[PDB]
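**Q** structure.cif is reproduced below (mmCIF, C-alpha atoms and all ligand atoms).
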```cif
data_final
loop_
_atom_site.group_PDB
_atom_site.id
_atom_site.type_symbol
_atom_site.label_atom_id
_atom_site.label_comp_id
_atom_site.auth_asym_id
_atom_site.auth_seq_id
_atom_site.Cartn_x
_atom_site.Cartn_y
_atom_site.Cartn_z
ATOM 1 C CA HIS N 4 177.848 -37.094 363.777
ATOM 2 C CA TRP N 5 174.908 -39.041 362.405
ATOM 3 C CA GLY N 6 172.359 -40.653 364.663
ATOM 4 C CA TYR N 7 168.635 -40.962 365.282
ATOM 5 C CA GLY N 8 167.819 -37.612 366.903
ATOM 6 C CA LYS N 9 165.904 -34.673 365.484
ATOM 7 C CA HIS N 10 169.099 -32.898 364.487
ATOM 8 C CA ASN N 11 171.161 -35.822 363.197
ATOM 9 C CA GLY N 12 168.593 -38.453 362.210
ATOM 10 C CA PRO N 13 167.798 -40.191 358.937
ATOM 11 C CA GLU N 14 166.498 -37.054 357.241
ATOM 12 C CA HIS N 15 169.924 -35.448 357.678
ATOM 13 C CA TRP N 16 172.132 -38.347 356.626
ATOM 14 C CA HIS N 17 172.171 -37.384 352.946
ATOM 15 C CA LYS N 18 174.292 -34.324 353.680
ATOM 16 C CA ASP N 19 177.262 -36.440 354.718
ATOM 17 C CA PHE N 20 176.219 -39.553 352.768
ATOM 18 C CA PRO N 21 174.604 -38.480 349.483
ATOM 19 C CA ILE N 22 173.969 -42.126 348.607
ATOM 20 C CA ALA N 23 171.154 -41.838 351.162
ATOM 21 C CA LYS N 24 169.099 -40.706 348.149
ATOM 22 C CA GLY N 25 170.461 -43.492 345.953
ATOM 23 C CA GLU N 26 168.798 -46.035 343.719
ATOM 24 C CA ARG N 27 168.905 -49.077 346.024
ATOM 25 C CA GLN N 28 168.502 -47.769 349.557
ATOM 26 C CA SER N 29 167.200 -49.771 352.501
ATOM 27 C CA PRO N 30 165.010 -50.447 354.296
ATOM 28 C CA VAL N 31 161.868 -50.555 352.179
ATOM 29 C CA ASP N 32 158.247 -51.331 352.689
ATOM 30 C CA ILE N 33 157.495 -54.873 351.579
ATOM 31 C CA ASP N 34 154.176 -54.696 349.771
ATOM 32 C CA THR N 35 153.194 -58.344 350.069
ATOM 33 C CA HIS N 36 150.690 -58.259 347.236
ATOM 34 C CA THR N 37 153.246 -56.706 344.836
ATOM 35 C CA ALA N 38 156.156 -58.973 345.776
ATOM 36 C CA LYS N 39 156.306 -61.769 343.228
ATOM 37 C CA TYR N 40 156.925 -65.399 344.015
ATOM 38 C CA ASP N 41 160.110 -66.481 342.257
ATOM 39 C CA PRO N 42 160.104 -70.281 341.866
ATOM 40 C CA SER N 43 163.795 -70.170 340.911
ATOM 41 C CA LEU N 44 164.712 -68.953 344.415
ATOM 42 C CA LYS N 45 166.420 -71.733 346.338
ATOM 43 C CA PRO N 46 165.745 -72.362 350.028
ATOM 44 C CA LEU N 47 168.034 -70.469 352.331
ATOM 45 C CA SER N 48 170.912 -72.436 353.777
ATOM 46 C CA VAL N 49 171.592 -71.093 357.267
ATOM 47 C CA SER N 50 174.605 -73.000 358.602
ATOM 48 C CA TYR N 51 175.166 -71.662 362.113
ATOM 49 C CA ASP N 52 176.117 -74.887 363.920
ATOM 50 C CA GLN N 53 179.809 -73.892 364.092
ATOM 51 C CA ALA N 54 179.187 -70.215 364.862
ATOM 52 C CA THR N 55 181.735 -68.677 367.242
ATOM 53 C CA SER N 56 180.421 -65.558 368.921
ATOM 54 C CA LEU N 57 183.105 -63.479 370.571
ATOM 55 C CA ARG N 58 181.945 -60.173 371.932
ATOM 56 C CA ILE N 59 179.031 -57.798 372.257
ATOM 57 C CA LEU N 60 179.604 -54.097 371.642
ATOM 58 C CA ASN N 61 177.475 -51.014 372.221
ATOM 59 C CA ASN N 62 178.610 -48.886 369.281
ATOM 60 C CA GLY N 63 176.425 -45.892 370.128
ATOM 61 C CA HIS N 64 173.816 -46.799 367.497
ATOM 62 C CA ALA N 65 172.914 -50.398 368.409
ATOM 63 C CA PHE N 66 174.699 -53.342 369.956
ATOM 64 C CA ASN N 67 176.572 -55.835 367.814
ATOM 65 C CA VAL N 68 177.109 -59.451 368.718
ATOM 66 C CA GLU N 69 180.308 -60.203 366.830
ATOM 67 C CA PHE N 70 181.476 -63.528 365.476
ATOM 68 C CA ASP N 71 184.762 -65.063 364.442
ATOM 69 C CA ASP N 72 184.571 -64.639 360.670
ATOM 70 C CA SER N 73 188.171 -65.649 359.917
ATOM 71 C CA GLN N 74 186.907 -69.046 358.717
ATOM 72 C CA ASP N 75 183.692 -70.427 357.222
ATOM 73 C CA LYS N 76 182.129 -71.242 360.589
ATOM 74 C CA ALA N 77 178.657 -69.695 360.367
ATOM 75 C CA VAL N 78 177.598 -69.080 356.789
ATOM 76 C CA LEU N 79 174.563 -68.133 354.767
ATOM 77 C CA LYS N 80 174.158 -69.639 351.302
ATOM 78 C CA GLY N 81 171.421 -70.428 348.863
ATOM 79 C CA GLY N 82 168.296 -68.386 348.423
ATOM 80 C CA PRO N 83 169.104 -65.559 346.011
ATOM 81 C CA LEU N 84 172.793 -65.769 346.868
ATOM 82 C CA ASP N 85 175.698 -66.937 344.774
ATOM 83 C CA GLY N 86 178.545 -68.256 346.855
ATOM 84 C CA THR N 87 179.161 -68.180 350.571
ATOM 85 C CA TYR N 88 178.500 -65.361 353.011
ATOM 86 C CA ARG N 89 180.129 -65.449 356.437
ATOM 87 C CA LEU N 90 178.298 -64.226 359.507
ATOM 88 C CA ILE N 91 180.198 -61.298 360.988
ATOM 89 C CA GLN N 92 177.728 -59.823 363.465
ATOM 90 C CA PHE N 93 174.121 -59.387 364.339
ATOM 91 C CA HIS N 94 172.320 -56.439 365.865
ATOM 92 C CA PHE N 95 168.820 -55.092 366.229
ATOM 93 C CA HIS N 96 166.866 -51.941 365.580
ATOM 94 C CA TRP N 97 164.008 -51.227 367.935
ATOM 95 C CA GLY N 98 161.488 -48.649 368.987
ATOM 96 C CA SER N 99 160.497 -46.672 372.024
ATOM 97 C CA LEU N 100 157.040 -48.290 371.762
ATOM 98 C CA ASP N 101 155.985 -51.721 370.581
ATOM 99 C CA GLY N 102 154.309 -50.281 367.460
ATOM 100 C CA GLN N 103 157.565 -49.147 365.882
ATOM 101 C CA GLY N 104 161.173 -50.163 365.683
ATOM 102 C CA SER N 105 161.589 -52.256 362.577
ATOM 103 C CA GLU N 106 163.315 -50.844 359.531
ATOM 104 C CA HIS N 107 161.552 -52.909 356.931
ATOM 105 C CA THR N 108 157.799 -52.780 357.063
ATOM 106 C CA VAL N 109 155.276 -55.263 355.739
ATOM 107 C CA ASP N 110 152.284 -53.658 354.054
ATOM 108 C CA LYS N 111 153.314 -50.571 356.041
ATOM 109 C CA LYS N 112 153.191 -52.503 359.330
ATOM 110 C CA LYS N 113 156.079 -51.715 361.652
ATOM 111 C CA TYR N 114 157.278 -54.383 364.035
ATOM 112 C CA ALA N 115 158.663 -53.727 367.500
ATOM 113 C CA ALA N 116 162.195 -54.511 366.366
ATOM 114 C CA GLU N 117 164.204 -56.077 363.589
ATOM 115 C CA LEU N 118 167.201 -58.375 363.862
ATOM 116 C CA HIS N 119 169.929 -58.094 361.234
ATOM 117 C CA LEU N 120 172.333 -60.989 360.821
ATOM 118 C CA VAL N 121 175.081 -59.532 358.672
ATOM 119 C CA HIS N 122 177.145 -61.725 356.359
ATOM 120 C CA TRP N 123 179.859 -60.869 353.869
ATOM 121 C CA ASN N 124 180.629 -62.550 350.576
ATOM 122 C CA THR N 125 183.809 -64.543 351.068
ATOM 123 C CA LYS N 127 184.871 -64.030 347.463
ATOM 124 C CA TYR N 128 185.865 -60.488 348.473
ATOM 125 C CA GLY N 129 188.173 -61.620 351.276
ATOM 126 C CA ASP N 130 187.234 -59.096 353.942
ATOM 127 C CA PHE N 131 184.115 -57.156 354.795
ATOM 128 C CA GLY N 132 185.754 -53.829 353.978
ATOM 129 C CA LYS N 133 186.213 -54.956 350.396
ATOM 130 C CA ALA N 134 182.798 -56.606 350.339
ATOM 131 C CA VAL N 135 180.954 -53.385 351.160
ATOM 132 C CA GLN N 136 182.389 -51.869 347.983
ATOM 133 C CA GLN N 137 180.618 -54.516 345.904
ATOM 134 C CA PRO N 138 176.962 -54.689 344.832
ATOM 135 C CA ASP N 139 176.776 -58.267 346.105
ATOM 136 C CA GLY N 140 179.160 -57.832 349.016
ATOM 137 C CA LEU N 141 176.813 -58.451 351.934
ATOM 138 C CA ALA N 142 173.756 -60.514 352.686
ATOM 139 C CA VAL N 143 171.708 -59.356 355.638
ATOM 140 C CA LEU N 144 169.131 -61.717 357.042
ATOM 141 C CA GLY N 145 166.391 -59.582 358.553
ATOM 142 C CA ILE N 146 164.001 -60.996 361.120
ATOM 143 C CA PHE N 147 161.081 -59.108 362.583
ATOM 144 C CA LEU N 148 160.388 -59.093 366.309
ATOM 145 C CA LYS N 149 156.892 -58.803 367.708
ATOM 146 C CA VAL N 150 156.080 -58.554 371.392
ATOM 147 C CA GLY N 151 154.353 -61.551 372.912
ATOM 148 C CA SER N 152 155.963 -64.646 374.356
ATOM 149 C CA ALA N 153 159.613 -64.509 375.326
ATOM 150 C CA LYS N 154 162.257 -65.770 372.923
ATOM 151 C CA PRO N 155 164.366 -68.079 375.101
ATOM 152 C CA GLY N 156 167.327 -67.864 372.744
ATOM 153 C CA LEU N 157 167.407 -64.086 373.115
ATOM 154 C CA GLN N 158 167.667 -64.046 376.901
ATOM 155 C CA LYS N 159 171.451 -64.428 377.019
ATOM 156 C CA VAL N 160 171.687 -61.289 374.899
ATOM 157 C CA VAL N 161 169.199 -59.423 377.081
ATOM 158 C CA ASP N 162 171.048 -60.289 380.254
ATOM 159 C CA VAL N 163 174.434 -58.974 379.099
ATOM 160 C CA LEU N 164 173.055 -55.571 378.085
ATOM 161 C CA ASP N 165 173.519 -54.175 381.605
ATOM 162 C CA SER N 166 177.262 -54.586 381.060
ATOM 163 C CA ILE N 167 177.311 -52.598 377.797
ATOM 164 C CA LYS N 168 174.889 -49.852 378.716
ATOM 165 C CA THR N 169 176.844 -47.032 377.108
ATOM 166 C CA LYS N 170 178.551 -46.319 373.818
ATOM 167 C CA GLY N 171 181.936 -47.964 373.475
ATOM 168 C CA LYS N 172 181.404 -50.631 376.115
ATOM 169 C CA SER N 173 181.971 -54.219 375.092
ATOM 170 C CA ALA N 174 181.754 -57.520 376.902
ATOM 171 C CA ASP N 175 182.912 -61.032 376.219
ATOM 172 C CA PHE N 176 180.058 -62.892 374.589
ATOM 173 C CA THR N 177 181.254 -66.359 373.644
ATOM 174 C CA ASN N 178 179.283 -69.503 372.870
ATOM 175 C CA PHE N 179 176.099 -67.728 371.854
ATOM 176 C CA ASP N 180 174.075 -69.769 369.383
ATOM 177 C CA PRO N 181 172.282 -67.505 366.883
ATOM 178 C CA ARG N 182 170.108 -70.434 365.804
ATOM 179 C CA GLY N 183 168.057 -69.572 368.867
ATOM 180 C CA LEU N 184 166.993 -66.315 367.200
ATOM 181 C CA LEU N 185 165.461 -67.840 364.087
ATOM 182 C CA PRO N 186 161.762 -68.436 363.493
ATOM 183 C CA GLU N 187 160.441 -71.807 362.373
ATOM 184 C CA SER N 188 160.068 -70.914 358.703
ATOM 185 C CA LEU N 189 162.784 -69.629 356.409
ATOM 186 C CA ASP N 190 160.296 -68.237 353.888
ATOM 187 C CA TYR N 191 161.616 -64.861 352.833
ATOM 188 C CA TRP N 192 161.421 -61.808 350.646
ATOM 189 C CA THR N 193 164.558 -60.612 348.937
ATOM 190 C CA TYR N 194 165.658 -57.477 347.137
ATOM 191 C CA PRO N 195 168.888 -55.578 346.436
ATOM 192 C CA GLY N 196 169.524 -52.778 348.886
ATOM 193 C CA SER N 197 171.933 -51.031 351.163
ATOM 194 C CA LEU N 198 173.233 -50.705 354.648
ATOM 195 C CA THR N 199 170.535 -48.956 356.634
ATOM 196 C CA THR N 200 173.119 -46.944 358.549
ATOM 197 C CA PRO N 201 175.825 -44.641 357.224
ATOM 198 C CA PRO N 202 177.732 -45.118 355.038
ATOM 199 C CA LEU N 203 174.536 -46.529 353.471
ATOM 200 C CA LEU N 204 176.555 -48.466 350.917
ATOM 201 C CA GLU N 205 174.530 -50.214 348.226
ATOM 202 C CA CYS N 206 176.137 -53.575 348.809
ATOM 203 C CA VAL N 207 173.418 -55.683 350.459
ATOM 204 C CA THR N 208 171.285 -58.529 349.260
ATOM 205 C CA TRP N 209 168.434 -58.268 351.738
ATOM 206 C CA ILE N 210 166.737 -61.474 352.820
ATOM 207 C CA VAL N 211 163.820 -60.655 355.096
ATOM 208 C CA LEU N 212 162.046 -63.562 356.756
ATOM 209 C CA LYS N 213 158.274 -63.576 356.563
ATOM 210 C CA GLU N 214 157.831 -65.150 360.003
ATOM 211 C CA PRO N 215 158.559 -62.816 362.933
ATOM 212 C CA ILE N 216 159.961 -64.081 366.151
ATOM 213 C CA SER N 217 158.150 -63.268 369.356
ATOM 214 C CA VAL N 218 159.994 -61.625 372.223
ATOM 215 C CA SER N 219 158.580 -60.620 375.549
ATOM 216 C CA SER N 220 157.812 -57.106 376.679
ATOM 217 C CA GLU N 221 160.490 -57.548 379.343
ATOM 218 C CA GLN N 222 163.062 -58.509 376.714
ATOM 219 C CA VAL N 223 162.400 -55.479 374.548
ATOM 220 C CA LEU N 224 162.189 -53.202 377.591
ATOM 221 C CA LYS N 225 165.769 -54.186 378.326
ATOM 222 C CA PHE N 226 166.837 -53.122 374.835
ATOM 223 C CA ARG N 227 165.306 -49.735 375.626
ATOM 224 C CA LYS N 228 167.460 -49.298 378.726
ATOM 225 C CA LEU N 229 170.606 -49.089 376.625
ATOM 226 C CA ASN N 230 172.174 -45.694 376.019
ATOM 227 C CA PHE N 231 173.289 -43.922 372.867
ATOM 228 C CA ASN N 232 175.635 -41.828 375.001
ATOM 229 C CA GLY N 233 178.928 -42.806 376.520
ATOM 230 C CA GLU N 234 179.499 -43.345 380.203
ATOM 231 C CA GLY N 235 179.447 -40.154 382.222
ATOM 232 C CA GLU N 236 177.369 -38.300 379.625
ATOM 233 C CA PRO N 237 173.724 -37.203 379.832
ATOM 234 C CA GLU N 238 171.542 -40.245 379.393
ATOM 235 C CA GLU N 239 169.851 -40.674 376.035
ATOM 236 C CA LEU N 240 167.996 -43.941 375.831
ATOM 237 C CA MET N 241 168.921 -46.083 372.855
ATOM 238 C CA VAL N 242 165.466 -46.310 371.296
ATOM 239 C CA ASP N 243 164.101 -45.697 367.815
ATOM 240 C CA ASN N 244 167.419 -46.535 366.185
ATOM 241 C CA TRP N 245 165.676 -47.426 362.923
ATOM 242 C CA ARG N 246 165.775 -45.836 359.508
ATOM 243 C CA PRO N 247 162.332 -45.502 357.885
ATOM 244 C CA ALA N 248 161.366 -47.113 354.611
ATOM 245 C CA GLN N 249 163.048 -45.651 351.543
ATOM 246 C CA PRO N 250 161.747 -45.426 347.978
ATOM 247 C CA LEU N 251 161.718 -48.768 346.215
ATOM 248 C CA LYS N 252 162.620 -47.091 342.906
ATOM 249 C CA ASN N 253 163.584 -49.552 340.165
ATOM 250 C CA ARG N 254 163.411 -52.691 342.267
ATOM 251 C CA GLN N 255 161.197 -55.730 342.536
ATOM 252 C CA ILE N 256 160.905 -57.591 345.801
ATOM 253 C CA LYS N 257 160.840 -61.338 345.227
ATOM 254 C CA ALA N 258 159.195 -63.890 347.494
ATOM 255 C CA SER N 259 160.492 -67.388 348.130
ATOM 256 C CA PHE N 260 156.983 -68.611 348.889
ATOM 257 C CA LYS N 261 153.549 -68.648 347.286
HETATM 258 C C1 LIG L 301 180.446 -55.316 359.059
HETATM 259 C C2 LIG L 301 179.978 -53.887 358.808
HETATM 260 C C3 LIG L 301 180.242 -53.508 357.346
HETATM 261 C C4 LIG L 301 180.705 -52.880 359.698
HETATM 262 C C5 LIG L 301 178.477 -53.833 358.958
HETATM 263 O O1 LIG L 301 177.781 -54.777 359.106
HETATM 264 N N1 LIG L 301 177.901 -52.548 358.933
HETATM 265 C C6 LIG L 301 176.500 -52.476 358.924
HETATM 266 N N2 LIG L 301 176.074 -51.173 358.813
HETATM 267 N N3 LIG L 301 174.552 -51.240 358.682
HETATM 268 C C7 LIG L 301 174.217 -52.588 358.702
HETATM 269 S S1 LIG L 301 172.499 -52.951 358.508
HETATM 270 N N4 LIG L 301 171.586 -52.080 359.600
HETATM 271 O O2 LIG L 301 172.141 -52.621 357.136
HETATM 272 O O3 LIG L 301 172.476 -54.380 358.775
HETATM 273 S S2 LIG L 301 175.410 -53.623 358.866
HETATM 274 ZN ZN ZN L 302 170.771 -53.170 360.928
#
```
I'd like the structure from this file rewritten - as structure tokens, please.

**A**
Amino acid sequence: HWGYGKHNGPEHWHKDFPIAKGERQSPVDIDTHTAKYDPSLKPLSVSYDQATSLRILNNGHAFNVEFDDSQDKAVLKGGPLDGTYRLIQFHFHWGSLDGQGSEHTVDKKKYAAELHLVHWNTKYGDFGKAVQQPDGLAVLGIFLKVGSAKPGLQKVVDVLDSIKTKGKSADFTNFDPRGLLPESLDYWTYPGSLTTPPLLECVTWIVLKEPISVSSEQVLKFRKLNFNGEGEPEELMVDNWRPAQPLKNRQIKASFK
């Protein structure tokens, strides 16, 4: 099964998921000087006030904080998007060292981690249908750098002990994802894919320019998670990031000059 090891990592995924070599794969390097400001891009509308988190799950590749997406409670709109995209889950990708971990890069710079807030286009009714559409998902990507703690992340950090191993979940209600956002909603956007198998080319990527800062202690706790299940040899959940993929016939657009 696919993963992030030497024998099952990103360089192997194409054998089971040939789209791994597709025309709109993610992540990509964001070359800031080549991205073009698009004055027609609207500001993002992040409407998370009514978000209902439910559960946090270690799925063996990352941990997902899941939301009630059976109504328009937490939605992403605007920016490059047409229509309404419902928040379904967020998760992170992170490194074994602070100098790596993000999936997108900025002028080849890797951040310590990257947060993905995943939303699906409500016009497709369910996420399973949405992922079969070129505009099915919108993922808001937020870089993490190590410095000051992010207070709004601590509730996530502190539950990780209870989901150390693959397949463990814990109740995770009343978490406010607004506490994970940076000040600015300036962003880059481009059409891409899921960065994990099945690598479907269904994502409008919206990557915020402003990273959030998290503390070394916060990211160290991410790195204590396990890829393995309980009672199996311990493999630390670290470096669960896919590297940058060829941009091919795509232009990255910037919301800001
Ligand atoms: C909801 C559903 C489709 C199961 C999902 O979100 N799957 C993801 N698979 N990779 C993602 S990434 N790293 O591109 O945000 S999201
Ligand atoms: Zn992701």

**Q** Convert the output of the PyMOL selection byres (((chain N and resi 21-29) around 12) and not hetatm) on the shown file into explicit residues, formatted as a PDB file with C-alpha atoms, in the coordinates of the input.

**A**
```
ATOM      1  CA  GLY N  12     168.593 -38.453 362.210  1.00  0.00           C
ATOM      2  CA  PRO N  13     167.798 -40.191 358.937  1.00  0.00           C
ATOM      3  CA  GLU N  14     166.498 -37.054 357.241  1.00  0.00           C
ATOM      4  CA  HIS N  15     169.924 -35.448 357.678  1.00  0.00           C
ATOM      5  CA  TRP N  16     172.132 -38.347 356.626  1.00  0.00           C
ATOM      6  CA  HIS N  17     172.171 -37.384 352.946  1.00  0.00           C
ATOM      7  CA  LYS N  18     174.292 -34.324 353.680  1.00  0.00           C
ATOM      8  CA  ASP N  19     177.262 -36.440 354.718  1.00  0.00           C
ATOM      9  CA  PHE N  20     176.219 -39.553 352.768  1.00  0.00           C
ATOM     10  CA  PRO N  30     165.010 -50.447 354.296  1.00  0.00           C
ATOM     11  CA  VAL N  31     161.868 -50.555 352.179  1.00  0.00           C
ATOM     12  CA  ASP N  32     158.247 -51.331 352.689  1.00  0.00           C
ATOM     13  CA  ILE N  33     157.495 -54.873 351.579  1.00  0.00           C
ATOM     14  CA  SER N 105     161.589 -52.256 362.577  1.00  0.00           C
ATOM     15  CA  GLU N 106     163.315 -50.844 359.531  1.00  0.00           C
ATOM     16  CA  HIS N 107     161.552 -52.909 356.931  1.00  0.00           C
ATOM     17  CA  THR N 108     157.799 -52.780 357.063  1.00  0.00           C
ATOM     18  CA  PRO N 138     176.962 -54.689 344.832  1.00  0.00           C
ATOM     19  CA  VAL N 143     171.708 -59.356 355.638  1.00  0.00           C
ATOM     20  CA  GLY N 145     166.391 -59.582 358.553  1.00  0.00           C
ATOM     21  CA  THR N 193     164.558 -60.612 348.937  1.00  0.00           C
ATOM     22  CA  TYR N 194     165.658 -57.477 347.137  1.00  0.00           C
ATOM     23  CA  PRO N 195     168.888 -55.578 346.436  1.00  0.00           C
ATOM     24  CA  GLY N 196     169.524 -52.778 348.886  1.00  0.00           C
ATOM     25  CA  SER N 197     171.933 -51.031 351.163  1.00  0.00           C
ATOM     26  CA  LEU N 198     173.233 -50.705 354.648  1.00  0.00           C
ATOM     27  CA  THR N 199     170.535 -48.956 356.634  1.00  0.00           C
ATOM     28  CA  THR N 200     173.119 -46.944 358.549  1.00  0.00           C
ATOM     29  CA  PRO N 201     175.825 -44.641 357.224  1.00  0.00           C
ATOM     30  CA  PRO N 202     177.732 -45.118 355.038  1.00  0.00           C
ATOM     31  CA  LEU N 203     174.536 -46.529 353.471  1.00  0.00           C
ATOM     32  CA  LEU N 204     176.555 -48.466 350.917  1.00  0.00           C
ATOM     33  CA  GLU N 205     174.530 -50.214 348.226  1.00  0.00           C
ATOM     34  CA  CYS N 206     176.137 -53.575 348.809  1.00  0.00           C
ATOM     35  CA  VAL N 207     173.418 -55.683 350.459  1.00  0.00           C
ATOM     36  CA  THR N 208     171.285 -58.529 349.260  1.00  0.00           C
ATOM     37  CA  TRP N 209     168.434 -58.268 351.738  1.00  0.00           C
ATOM     38  CA  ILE N 210     166.737 -61.474 352.820  1.00  0.00           C
ATOM     39  CA  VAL N 211     163.820 -60.655 355.096  1.00  0.00           C
ATOM     40  CA  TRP N 245     165.676 -47.426 362.923  1.00  0.00           C
ATOM     41  CA  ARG N 246     165.775 -45.836 359.508  1.00  0.00           C
ATOM     42  CA  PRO N 247     162.332 -45.502 357.885  1.00  0.00           C
ATOM     43  CA  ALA N 248     161.366 -47.113 354.611  1.00  0.00           C
ATOM     44  CA  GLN N 249     163.048 -45.651 351.543  1.00  0.00           C
ATOM     45  CA  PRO N 250     161.747 -45.426 347.978  1.00  0.00           C
ATOM     46  CA  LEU N 251     161.718 -48.768 346.215  1.00  0.00           C
ATOM     47  CA  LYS N 252     162.620 -47.091 342.906  1.00  0.00           C
ATOM     48  CA  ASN N 253     163.584 -49.552 340.165  1.00  0.00           C
ATOM     49  CA  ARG N 254     163.411 -52.691 342.267  1.00  0.00           C
ATOM     50  CA  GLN N 255     161.197 -55.730 342.536  1.00  0.00           C
ATOM     51  CA  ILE N 256     160.905 -57.591 345.801  1.00  0.00           C
TER      52      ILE N 256
END
```

**Q** Given the file shown, determine the residues that the PyMOL selection byres (((chain N and resi 95) around 8) and not hetatm) selects; report them as a list in words.

**A**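 Here the PyMOL selection byres (((chain N and resi 95) around 8) and not hetatm) matches residues 65, 66, 67, 93, 94, 96, 97, 116, 117, 118 and 119 of chain N.
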
**Q** What would the list of residues within 12 Å of (162.0, -50.4, 370.7) (file frame) look like as a PyMOL selection string, if all atoms listed in the file are what count?

**A** chain N and resi 65+95-106+113-118+147-150+218-229+240-245

**Q** So, counting only C-alpha atoms and all ligand atoms, which residue among N:79, N:54, N:38, N:134 is closest to ligand LIG 301 (chain L)?

**A**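 Nearest candidate to ligand LIG 301 (chain L) out of N:79, N:54, N:38, N:134: N:134.
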
**Q** Could you work out how far CA of residue 140 (chain N) lies from CA of residue 191 (chain N), giving the answer in Å with one decimal?

**A** 19.3 Å

**Q** Would you kindly translate the PyMOL selection byres (((chain N and resi 35) around 9) and not hetatm) into the concrete residues it picks from this file, as JSON, numbers by chain?

**A** {"N": [33, 34, 36, 37, 38, 39, 109, 110, 192, 256, 258]}

**Q** Using only C-alpha atoms and all ligand atoms, can you tell me which of N:172, N:64, N:127, N:182 comes closest to ligand ZN 302 (chain L)?

**A** N:64

**Q** Which of these, N:45, N:122, N:133, N:89, has the shortest distance to ligand ZN 302 (chain L) once you count only C-alpha atoms and all ligand atoms?

**A**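 Checking each of N:45, N:122, N:133, N:89 against ligand ZN 302 (chain L), counting only C-alpha atoms and all ligand atoms, the winner is N:122.
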
**Q** Between N:235, N:215, N:129, N:183, which one has atoms that come closest to residue 168 (chain N), using all atoms listed in the file?

**A**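 The shortest atom-to-atom distance to residue 168 (chain N) comes from N:235.
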
**Q** Between atom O3 of ligand LIG 301 (chain L) and CA of residue 58 (chain N), what is the distance, to one decimal in Å?

**A**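 Straight-line distance from atom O3 of ligand LIG 301 (chain L) to CA of residue 58 (chain N) works out to 17.2 Å.
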
**Q** What does the distance from CA of residue 171 (chain N) to CA of residue 234 (chain N) come to in Å, to one decimal?

**A**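 About the pair CA of residue 171 (chain N) and CA of residue 234 (chain N): they are 8.5 Å apart.
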
**Q** Give the answer as one residue: which of N:42, N:186, N:131, N:84 has the shortest atom-to-atom distance to ligand LIG 301 (chain L), using all atoms listed in the file?

**A** N:131

**Q** Determine the axis-aligned bounding box of all atoms of ligand LIG 301 (chain L) present in the file, pad each side by 5 Å, and express its centre and edge lengths in Å to one decimal place as AutoDock Vina command-line options.

**A**
```
--center_x 176.1 --center_y -53.2 --center_z 358.4 --size_x 19.1 --size_y 14.1 --size_z 12.6
```

**Q** Using all atoms listed in the file, find the one residue out of N:92, N:213, N:4, N:173 that sits nearest to ligand ZN 302 (chain L).

**A**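 Ranked by minimum distance to ligand ZN 302 (chain L), first place goes to N:92.
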